[PDB]
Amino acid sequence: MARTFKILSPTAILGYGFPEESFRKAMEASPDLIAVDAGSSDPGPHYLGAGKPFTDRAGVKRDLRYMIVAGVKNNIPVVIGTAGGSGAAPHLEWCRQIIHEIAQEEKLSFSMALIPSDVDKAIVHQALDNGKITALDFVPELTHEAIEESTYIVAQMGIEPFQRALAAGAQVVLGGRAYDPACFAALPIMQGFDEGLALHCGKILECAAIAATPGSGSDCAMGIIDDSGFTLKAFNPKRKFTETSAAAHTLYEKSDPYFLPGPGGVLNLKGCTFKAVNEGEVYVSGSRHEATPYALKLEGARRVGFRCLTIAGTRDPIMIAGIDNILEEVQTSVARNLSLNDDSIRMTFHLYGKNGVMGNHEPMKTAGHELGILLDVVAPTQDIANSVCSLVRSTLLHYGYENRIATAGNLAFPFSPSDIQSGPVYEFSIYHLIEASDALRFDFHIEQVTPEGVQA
């Protein structure tokens, strides 16, 4: 547009925190927008499936207090994507209630737009039959049964819903599930700044200071968009933006750094340059955007059972050397004792210190002096998971392995009780593109937040 547009990203995910001094210094730079990603699919399917946040309420409330007080005081819009960790209706309502409490504690009044991303199952069913669903790379073909057995289904919104809410005067925009760059890019684009540069800047800012070095998931970053590129900076003398740190975050979590797809188009980065500038800052230029037929990514998860787990160390070299066979013998013993004839009981062991992280892909085939043995059982009911986990635990504890000399017990439990009932287990069930339609439009609702609640 003209001169610059300054975006402040306070933290990698809303709730992760940031140093107060970093945020203060960032505000002294006079941002035009305070924007933050509040959610992700990386933490796994439990959070969408169960309707729960992967972030902390107190943390989210703490971070939002800084952001909303600052935004309202200085007439700077506050824009949040994927409210509540996963951005379905319960996540959006959870974050909405936090913001109401901040307004009641700080005695603030402001307009807030809510943009839900939930998609009714009937829409997905119909789109599947009408040939409007496309699986992403390596995703199984969607079925009606998978749709029906999912819980919350959400669509990742792009810039346009945020823009409509902002154009209506919303001072805080609380979006449901959203394409991460869109939270940052929507406002500068509607003010005339370049779409390719704004979306690329949003991509690099999506995790705040993870794009700086040394990185932090809990520190502030700013992008300053001008008409030829954008400048990146942090607000902590311990951190800098470099050509490597900024380019690293262009690659972050993407399958092709040359072409970044999202709702409404693809970022083409073939012509990009990253150039160190000033002290500890980076200028990015050459990004461009290619419009595509508008489609949205759907996410969904389904419940698959219930989990009970235990954790315990072993320090005995004979047990450690023979551990793989010991665990096989323990499982056989338990199956016989409980007369287990269910193929739907799944016992999983992680042997930390040998192959707990990489499994069959671990290059080191020998453990050291100690193993942390994590056992989890997933079964169709919590009671069955508990029963199997308990019997594996007590059987392993006293199993008489060959050549054993430490004969009073085999396991060091850190906790009383030793077994932990972790509850329902979910798995991803939808990860598919859907062609955009009128039924999939994301519509905003603005409410007036006051120190005494929502006022009509």
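Start at 1 and count along the sequence shown; that's the residue number.
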### Summary
Mean Cα B-factor check, 340-348 vs 110-118, entry values; winner is 340-348
### Task
Could you check the entry and say whether 122-130 or 292-300 has the higher mean CA B-factor?
122-130
### Task
Going by the CA temperature factor in the entry, name the top one among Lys365, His200, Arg177, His91.
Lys365
### Task
State the tercile, meaning the lowest, middle or highest third, of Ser418 with respect to the CA B-factors recorded for its chain.
middle
### Chain thirds of CA B-factor: placement of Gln382
highest
### Query
Among the modelled residues of its chain, does the C-alpha B-factor of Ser218 lie in the lowest, middle or highest third?
lowest
### Query
Once the chain's modelled residues are ordered by C-alpha B factor and cut into thirds, is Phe23 in the lowest, middle or highest one?
middle
### Message
Using only modelled residues of the chain, where does the Cα B factor of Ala70 rank: lowest third, middle third or highest third?
### Response
middle
